[PDB]
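Each remark here refers to the structure printed beneath this line.
Chains as they are written, first to last, in the numbering used here: chain A, 30 to 126; chain B, 30 to 126.
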């Protein structure tokens, strides 16, 4: 199992990237803030999550999202060592604007 | 929205912590490895995710998990700046041993 669903505001201008051999991607940073419940207590949760969306099929989304967009993203997480930097690979995104 | 579900192997010995004013916690590191699908391609996903489980109610789980346990955890993520270090606050855990 590997599934993250996270909402937030895009806080960095999205970067469009195209690979010569197909497979283009769009990367951005999603800032999440919420109140969560833990052991009976209500505490603040905050994160700035790198997000990537790949594939020709998804090329449209990039030109419809920008900094300040309210967005909910669902995908898998993957990490690489710097602790290790986390990226959310988005399978789906929903807009709230 | 803020929900992560992630399976893996506990790769660091769990640390039991009790606060004097109630609210005890148990922290550990969960190593995830899987094949995920992205833009048609099958690629490896890997992460070493800090996990915390809080509350008197959950005090038992700690003495039933150890390094090498296969485990699936579901909760919310929260981050703090070092990029920012991520922690999974577990609302529920399921064992696979």
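Ideal placement from N, C-alpha and C gives every residue a C-beta, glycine not left out.
In whole angstroms, give me the CA-to-CA distance for residue i and residue j.
i              : j              : result
residue 60(B)  : residue 34(A)  : 19 Å
residue 76(A)  : residue 55(A)  : 20 Å
residue 88(A)  : residue 110(B) : 31 Å
residue 51(B)  : residue 43(B)  : 19 Å
residue 47(A)  : residue 95(B)  : 44 Å
residue 74(B)  : residue 108(A) : 7 Å
residue 112(A) : residue 114(B) : 7 Å
residue 125(B) : residue 71(A)  : 30 Å
residue 53(A)  : residue 69(B)  : 12 Å
residue 30(B)  : residue 78(A)  : 13 Å
residue 84(A)  : residue 99(B)  : 33 Å
residue 86(A)  : residue 86(B)  : 46 Å
Could you pull the start and end residues of the beta strand (DSSP E) that residue i belongs to?
i              : result
residue 81(A)  : 70-83
residue 121(B) : 113-124
residue 92(A)  : Here residue 92(A) belongs to no beta strand (DSSP E), and DSSP marks it neither H nor E.
residue 98(B)  : Where residue 98(B) is concerned, there is no enclosing beta strand (DSSP E), given that its DSSP letter is neither H nor E.
residue 42(A)  : 31-46
residue 63(A)  : 54-67
Looking only at its chain, what residues have a beta carbon closer than 8 Å to the beta carbon of residue i, apart from the 5 residues adjacent to it on each side?
i             : result
residue 90(A) : 55, 82 and 122
residue 49(B) : none
residue 32(A) : 103, 104 and 105
residue 5(A)  : Because residue 5(A) is not part of the residues shown, which for chain A are 30 to 126, the question remains open.
Who are the Cβ neighbours of residue i in its own chain at under 6 Å, not counting the five residues just before and after it?
i             : result
residue 45(B) : 55 and 91
residue 80(A) : 57, 59, 102, 117 and 119
residue 40(A) : 58 and 60
residue 36(B) : 101
Which residues in the same chain as residue i place their Cβ atom closer than 7 Å to its Cβ, once the five residues preceding and following it in sequence are excluded?
i             : result
residue 97(B) : 38 and 39
Quick test of the definition: if touching needs 3 or more C-beta pairs under 8 Å, does the segment 65-74 of chain B touch the segment 98-114 of chain A? yes
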